[PDB]
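Peer 1: Quick one: experimental structure and sequence below.
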Amino acid sequence: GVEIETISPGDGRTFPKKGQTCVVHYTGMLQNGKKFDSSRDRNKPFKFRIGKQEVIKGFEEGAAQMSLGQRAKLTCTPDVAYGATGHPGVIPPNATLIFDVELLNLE
(Lines give C-alpha, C1' and ligand atoms only; values in the text may rest on other atoms or scores of the structure.)
Protein backbone atom coordinates (compact mmCIF):
# COMPACT_ATOMS: atom_id res chain seq x y z
CA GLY A 1 0.00 0.00 0.00
CA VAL A 2 1.41 3.32 -1.22
CA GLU A 3 -0.37 6.52 -0.16
CA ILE A 4 0.69 9.74 -1.87
CA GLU A 5 0.23 13.10 -0.12
CA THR A 6 1.63 15.60 -2.56
CA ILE A 7 3.33 18.91 -1.96
CA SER A 8 1.98 20.47 -5.13
CA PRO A 9 4.33 22.30 -7.47
CA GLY A 10 5.76 20.97 -10.71
CA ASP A 11 3.91 19.92 -13.86
CA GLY A 12 1.68 16.93 -13.05
CA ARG A 13 2.05 15.35 -16.49
CA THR A 14 5.55 13.88 -16.96
CA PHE A 15 5.13 10.46 -15.53
CA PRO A 16 7.90 7.85 -15.31
CA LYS A 17 7.77 4.93 -17.73
CA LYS A 18 9.71 1.73 -18.33
CA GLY A 19 13.39 1.92 -19.23
CA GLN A 20 13.70 5.45 -17.83
CA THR A 21 16.46 6.40 -15.39
CA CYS A 22 15.14 8.93 -12.89
CA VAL A 23 16.76 11.12 -10.25
CA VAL A 24 15.32 11.46 -6.74
CA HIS A 25 16.26 13.52 -3.68
CA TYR A 26 14.89 11.14 -1.09
CA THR A 27 14.87 11.47 2.69
CA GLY A 28 13.64 8.60 4.82
CA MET A 29 11.85 8.74 8.15
CA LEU A 30 10.79 6.19 10.74
CA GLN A 31 7.30 6.39 12.22
CA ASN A 32 7.72 7.41 15.88
CA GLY A 33 11.46 7.29 15.25
CA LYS A 34 14.37 9.29 13.93
CA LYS A 35 15.82 9.53 10.45
CA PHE A 36 17.53 6.54 8.92
CA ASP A 37 18.47 7.52 5.36
CA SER A 38 19.08 10.65 3.31
CA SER A 39 20.30 11.50 -0.18
CA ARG A 40 20.59 15.13 0.93
CA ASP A 41 23.61 14.29 3.09
CA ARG A 42 25.81 12.70 0.43
CA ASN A 43 24.46 15.18 -2.21
CA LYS A 44 24.57 12.33 -4.76
CA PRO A 45 20.96 12.32 -5.93
CA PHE A 46 20.51 8.54 -6.38
CA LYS A 47 20.27 7.89 -10.10
CA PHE A 48 18.16 4.77 -10.69
CA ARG A 49 15.98 3.25 -13.39
CA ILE A 50 12.43 1.90 -13.40
CA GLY A 51 11.32 -1.72 -13.41
CA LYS A 52 14.43 -3.67 -12.40
CA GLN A 53 13.32 -4.09 -8.74
CA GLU A 54 16.43 -2.27 -7.55
CA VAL A 55 14.47 -0.27 -4.97
CA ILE A 56 11.95 -1.72 -2.51
CA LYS A 57 8.35 -2.29 -3.59
CA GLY A 58 6.84 0.64 -1.70
CA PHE A 59 9.33 3.13 -3.12
CA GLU A 60 8.86 1.73 -6.63
CA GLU A 61 5.11 2.36 -6.88
CA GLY A 62 5.35 5.88 -5.48
CA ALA A 63 8.04 6.78 -8.01
CA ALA A 64 5.71 6.28 -10.98
CA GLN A 65 2.87 8.10 -9.18
CA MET A 66 4.76 11.42 -9.27
CA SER A 67 5.76 13.92 -11.94
CA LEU A 68 8.56 16.39 -12.63
CA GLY A 69 9.37 18.85 -9.86
CA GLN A 70 6.83 17.36 -7.45
CA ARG A 71 7.30 16.41 -3.80
CA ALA A 72 5.29 13.48 -2.48
CA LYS A 73 5.05 11.83 0.94
CA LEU A 74 5.22 8.04 0.92
CA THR A 75 3.82 5.68 3.53
CA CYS A 76 5.11 2.15 2.96
CA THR A 77 3.45 -0.86 4.54
CA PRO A 78 5.62 -3.47 6.31
CA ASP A 79 4.85 -6.21 3.77
CA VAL A 80 6.32 -4.23 0.84
CA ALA A 81 9.67 -3.09 2.29
CA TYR A 82 11.20 -5.13 5.13
CA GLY A 83 8.54 -6.04 7.70
CA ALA A 84 9.13 -9.78 7.77
CA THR A 85 12.94 -9.74 7.64
CA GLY A 86 14.09 -6.24 8.52
CA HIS A 87 17.39 -4.85 7.30
CA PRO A 88 20.02 -5.90 9.88
CA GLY A 89 20.76 -3.14 12.35
CA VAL A 90 19.06 -0.45 10.26
CA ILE A 91 15.43 -1.51 9.76
CA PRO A 92 13.57 -3.46 12.47
CA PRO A 93 11.12 -6.21 11.54
CA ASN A 94 7.47 -5.12 11.20
CA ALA A 95 8.36 -1.52 10.34
CA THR A 96 6.25 1.24 8.80
CA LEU A 97 8.23 3.50 6.48
CA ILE A 98 7.96 7.22 5.70
CA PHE A 99 9.83 8.95 2.88
CA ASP A 100 10.32 12.57 1.86
CA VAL A 101 10.65 12.20 -1.91
CA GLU A 102 11.34 14.81 -4.58
CA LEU A 103 11.33 13.86 -8.27
CA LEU A 104 13.87 15.99 -10.17
CA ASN A 105 14.57 13.53 -12.95
CA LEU A 106 15.54 13.17 -16.59
CA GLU A 107 14.34 10.87 -19.42
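Peer 2: Sure, I can see it. Numbers count the residues shown, from 1 in each chain.
Peer 1: Give me the distance between stretch 92-107 and the centre of its chain.
Peer 2: Its chain's C-alpha centre and that of stretch 92-107 lie 2 Å apart, by C-alpha atoms, centre = their mean, to the nearest Å.
Peer 1: where do the helices sit along this structure?
Peer 2: 39-42, 57-64 (DSSP state H).
Peer 1: how far away is the residue nearest to residue 21 when sequence neighbours are not counted from residue 105?
Peer 2: Of all residues not flanking residue 21 in the chain, residue 49 sits nearest, at 4.3 Å (C-beta to C-beta, 6 or more residues apart in numbering). Placement of C-beta: from N, CA and C, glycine included. The gap separating residue 49 from residue 105 is 11 Å, by C-beta to C-beta, to the nearest Å.
Peer 1: neighbour-wise, which of these two wins?
Peer 2: residue 105 (21 against 14; other C-beta atoms under 10 Å).
Peer 1: Residue 65 versus that one, what's the distance?
Peer 2: Between residue 105 and residue 65 the computed distance is 13 Å (C-beta to C-beta).
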